[PDB]
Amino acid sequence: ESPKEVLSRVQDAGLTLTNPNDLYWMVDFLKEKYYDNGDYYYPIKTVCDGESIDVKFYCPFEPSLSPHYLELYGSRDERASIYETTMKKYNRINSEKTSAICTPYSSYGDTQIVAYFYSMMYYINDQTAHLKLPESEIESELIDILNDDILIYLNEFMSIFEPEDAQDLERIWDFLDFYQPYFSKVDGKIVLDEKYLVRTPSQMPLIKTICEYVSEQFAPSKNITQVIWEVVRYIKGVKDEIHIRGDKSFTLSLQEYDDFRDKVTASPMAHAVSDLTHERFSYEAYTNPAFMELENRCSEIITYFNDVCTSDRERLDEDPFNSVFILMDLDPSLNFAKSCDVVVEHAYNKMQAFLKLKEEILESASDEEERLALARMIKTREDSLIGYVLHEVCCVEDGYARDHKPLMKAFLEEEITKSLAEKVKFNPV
């Protein structure tokens, strides 16, 4: 469409997330207003316990939205039929928007597979969130189901894992840790014992859809060990979260929170699959200690940004595992607004640490092939960082985001109206 008809729609109906075209104009506005002006501080306007949360998320990477977002959104009802879900829950997760904005330069299928991975994290997260309830409301049967589900989910990823190198089979086998006694190595594959296939988990169609795509698209020609490795790390992290949330003794320091969030942010799973979509790819990077730290900085930045945006909702859940609340518990002078400022500052320092690791990783490359591979893999993680910022910025319609921001809806509608008018006025120049 033209800026004139979009301006007419915004002046009359405002901005929506139900019309997928609006997101293209929102992301275009954010790039022109911020990135294109050298301003890498994106506004986040929300509330927490009645306190105004008015902060800036720092991210110096180029904003973009996938050209496939229109088709992804147009097929969202078919996609949702895979899930055991209400549409109310599916709409708030909005994996179509997450994948399109964090993975903007991929094919339709390579963008959709990222949506599937992020949706898997959200649905498992909301299943684990049952442990947030008071002790008198916990149902042990739901916890038994959850513990069985993630073990069965893990085996489904094991079932597509047939590495060319036996060293990669040992890498995953040694990484199973407390899950290893449930598995056996059988004909070059890691298999769950038949005793523990006791149910069909509620999101098994989703997990099978993920495994089928990875098996059919990447397993024949690429080394998918890191995809499996990150899934193991995530599933073990969910188990750690169950153990952490199960014991109502919440004793996580900020560093222990970082180490825990390194496992459960799920973006490393999406990066592992996205890495396989590019010819520039170095499997050795995954065991490079500097690259592993770069992935951890990325997960922590997303976590800290998420902690600010989820603060008011998680405060009502009495959920203590949020960097905003951990800092307040350690410092009594902090209210919610001042704590969010500290989290935002920590996120800025992690971003600078990310950029410092990036320069060191690329300088350590031994040849052009490895440099271009590392640079491509780092670029993929940068896409997710700016994508997640814009994801939270553009929560402008209630029901189509985990954390609707009515102050962002008002701010973006006021600002995009002036920007679209400037496009119309100088047209066709």
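Start at 1 with the first residue shown and count on from there.
Looking at 65 to 73 and 357 to 365 together, the entry lists the larger mean B-factor for 357 to 365, computed on C-alpha atoms.
With 46 to 54 and 377 to 385 compared on mean CA B-factor from the PDB entry, the stretch scoring higher is 46 to 54. Of the candidates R92, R79, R280, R245, it is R245 whose Cα B-factor is highest according to the PDB record. The entry assigns its greatest Cα B factor, within the set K189, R313, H271, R233, to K189.
In the PDB entry, a CA B factor belonging to the highest third of its chain's modelled residues is recorded for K418. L412: CA B factor lies in the middle third for its chain, per the PDB record. Ranked by Cα temperature factor within the chain, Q180 sits in the highest third according to the deposited record.
Remark: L254 belongs to the highest third of its chain, ranked by C-alpha B-factor as recorded. Sorting the modelled residues of the chain by their CA temperature factor places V264 in the middle third.
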